[PDB]
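Text of upload.csv (CSV, C-alpha atoms) as supplied:
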chain,number,residue,atom,x,y,z
J,2509,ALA,CA,-57.8,31.1,-48.2
J,2510,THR,CA,-58.1,30.3,-51.9
J,2511,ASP,CA,-58.5,26.6,-52.7
J,2512,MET,CA,-55.8,27.0,-55.3
J,2513,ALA,CA,-53.3,27.7,-52.5
J,2514,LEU,CA,-54.7,24.7,-50.6
J,2515,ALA,CA,-54.2,22.4,-53.5
J,2516,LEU,CA,-50.7,23.8,-54.1
J,2517,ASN,CA,-49.7,23.2,-50.5
J,2518,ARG,CA,-51.2,19.7,-50.6
J,2519,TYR,CA,-49.1,18.9,-53.7
J,2520,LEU,CA,-45.9,20.3,-52.2
J,2521,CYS,CA,-46.2,18.6,-48.8
J,2522,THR,CA,-47.3,15.4,-50.5
J,2523,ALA,CA,-44.6,15.0,-53.2
J,2524,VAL,CA,-41.9,17.6,-53.2
J,2525,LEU,CA,-41.0,17.8,-49.5
J,2526,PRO,CA,-40.9,14.0,-49.0
J,2527,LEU,CA,-38.8,13.7,-52.2
J,2528,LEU,CA,-36.3,16.3,-50.9
J,2529,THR,CA,-36.3,14.5,-47.5
J,2530,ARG,CA,-35.5,11.2,-49.2
J,2531,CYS,CA,-32.9,12.9,-51.4
J,2532,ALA,CA,-31.4,14.9,-48.4
J,2533,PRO,CA,-28.0,13.2,-48.4
J,2534,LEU,CA,-27.3,14.3,-51.9
J,2535,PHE,CA,-27.4,17.9,-50.6
J,2536,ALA,CA,-23.8,17.4,-49.3
J,2537,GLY,CA,-22.0,19.7,-51.7
J,2538,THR,CA,-23.7,22.9,-53.0
J,2539,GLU,CA,-20.9,25.4,-53.0
J,2540,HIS,CA,-21.5,26.1,-56.7
J,2541,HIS,CA,-25.2,26.9,-56.2
J,2542,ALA,CA,-24.9,28.2,-52.7
J,2543,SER,CA,-27.3,31.1,-53.6
J,2544,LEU,CA,-29.8,28.5,-55.0
J,2545,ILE,CA,-29.8,26.4,-51.9
J,2546,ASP,CA,-30.0,29.5,-49.7
J,2547,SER,CA,-33.1,30.5,-51.7
J,2548,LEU,CA,-34.5,27.0,-51.1
J,2549,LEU,CA,-34.0,27.4,-47.4
J,2550,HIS,CA,-35.5,30.8,-47.3
J,2551,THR,CA,-38.6,29.7,-49.3
J,2552,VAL,CA,-39.1,26.6,-47.1
J,2553,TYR,CA,-38.8,28.6,-43.9
J,2554,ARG,CA,-41.4,31.1,-45.3
J,2555,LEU,CA,-43.8,28.2,-46.1
J,2556,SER,CA,-43.1,26.9,-42.5
Show me, as structure tokens, the structure contained in the file I just sent.
Amino acid sequence: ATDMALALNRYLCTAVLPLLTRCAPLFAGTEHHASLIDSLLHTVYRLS
């Protein structure tokens, strides 16, 4: 309920997620940071 959380969500969904959607094809090979990309997916699904 904090407006800090609201502003953070606004920033993420305005800048970061569109940026990662436009740079999605570069996500082809991540076998060397598989743990990192798994953490990304887990955090994104938690936000969802």
| message | Taking 2 positions as the minimum chain separation for residues in the same chain, which residues sit within 12 Å of segment 2512-2527 of chain J when counting all atoms listed in the file? Answer as number ranges by chain. | response | J: 2509-2510, 2529-2534, 2548, 2552, 2555-2556
| said: Would you compute the distance between atom CA of residue 2553 of chain J and atom CA of residue 2536 of chain J? Give it in Å to one decimal. | reply: 19.5 Å
Can you report as JSON the centre and edge lengths in Å, to one decimal, of an axis-aligned box around the listed atoms of segment 2526-2542 of chain J padded with 5 Å on each side?
{"center_x": -30.9, "center_y": 19.7, "center_z": -52.1, "size_x": 30.0, "size_y": 27.0, "size_z": 19.2}
